[PDB]
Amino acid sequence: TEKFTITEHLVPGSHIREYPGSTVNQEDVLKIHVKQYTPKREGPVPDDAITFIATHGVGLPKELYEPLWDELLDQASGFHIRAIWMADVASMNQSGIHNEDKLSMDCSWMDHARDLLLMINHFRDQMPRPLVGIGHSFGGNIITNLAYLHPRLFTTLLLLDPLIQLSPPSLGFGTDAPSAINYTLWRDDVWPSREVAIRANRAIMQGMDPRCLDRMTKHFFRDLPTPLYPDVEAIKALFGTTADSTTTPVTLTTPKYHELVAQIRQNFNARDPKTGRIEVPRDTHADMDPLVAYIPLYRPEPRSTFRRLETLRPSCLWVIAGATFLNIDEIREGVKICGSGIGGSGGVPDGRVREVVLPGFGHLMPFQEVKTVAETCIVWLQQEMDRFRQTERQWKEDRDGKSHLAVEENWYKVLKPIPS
């Protein structure tokens, strides 16, 4: 944005949502709001320039990642950027505004993977190989599932504190501490002014890069009226600001309820009332592991995604915040298994998977430590792009003389004729 032309797009998402309650009508057409970042460039675009497909964390507007994009371009070494594409998940940020009359109270992370697959097919003429995935937080989970949908699509993945683990989050059950999820349900979500809203959200903004602070104050809050708060005057009356012409009340651009149903899903019907035994109800919770159904809330995708990691085809960089809320020990087992099985890159033994744990960094490192996050990504991208150039050349060499119309001679040596 220092360094990029910005093009905005609104494209239809995937037909039929994973959970029927995620929209008002099951055939609703959700749109995703996309920003395409094209470097300001003198010369033509180099042949191996990367298309980046990026995904954000829950409630975090795509615009927050712009300083990270500027840093990737400014520090780029051994690769070029064709463009960076980041969409807002359909239920959040600017997508949520466009879809506000069609959204309802459910959310599957898997839908954004299908929404991105459609988007890539829509913009294919601007997205030749190589493509690289970047995913922050639940976006790390989504971009991994997009690689499961299309294994050879991405040359590599950059995961920034990805939500991929076996253990349910802490939810204040029994002796457990409440987590950010408890905070999400109960938090204030409307304020007499944007100034007051900023101060009420100081925890999330602490240590943010100033460039990220400006984007937060613009994108994280929305002036009334909204569907959730359709009556400006009733809210000015509640706060006693009816006389003050110079202040407009604001609410969360992403309603707390849309953050909540993305962070966690109801499991309100898991127990047979007569035996008290867990019986997974397949009509609504077929995706739920019975082992996690002991509490009335669950999140299926971290655990299903973890269990398929051995199949992950792209090479994968795992950037972990040392001061994260994720189950870091489970994540490091995920790194060890990543790409080691059938369909896999070859994983850690083949140098196709790397972990970088950044001590003292938090979950919001892409907004708090923009330069170090960028630098960690560049070192990996340069290694992967050296390998890409070499393997692309070896491929072209091995194919040079070969027919497009008939099989090579070795087939006639290995597959014998039927006895005449």
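Position 1 is the first residue in the sequence shown; the rest follow in order.
- According to the PDB record, 392 to 400 carries the higher mean C-alpha B-factor of the two stretches 408 to 416 and 392 to 400.
- As the entry records it, the average C-alpha temperature factor is higher for 44 to 52, out of 44 to 52 and 31 to 39.
- Between the residues 262, 235, 309, 317, it is 235 that shows the highest Cα B-factor in the PDB record.
- When the C-alpha B-factors of 139, 344, 96, 207 are read from the PDB record, the largest value belongs to 207.
- Residue 291 sits in the middle third of its chain by CA B factor, as recorded in the PDB entry.
- For residue 325, the recorded CA temperature factor ranks within the highest third of the chain's modelled residues.
- Ranked within its chain, residue 62 lands in the lowest third, by CA B factor from the PDB record.
- Ranked against the other modelled residues of its chain, the C-alpha B-factor of residue 223 as given in the entry falls in the middle third.
- Among the modelled residues of the chain, residue 115 sits in the lowest third by CA temperature factor in this PDB entry.
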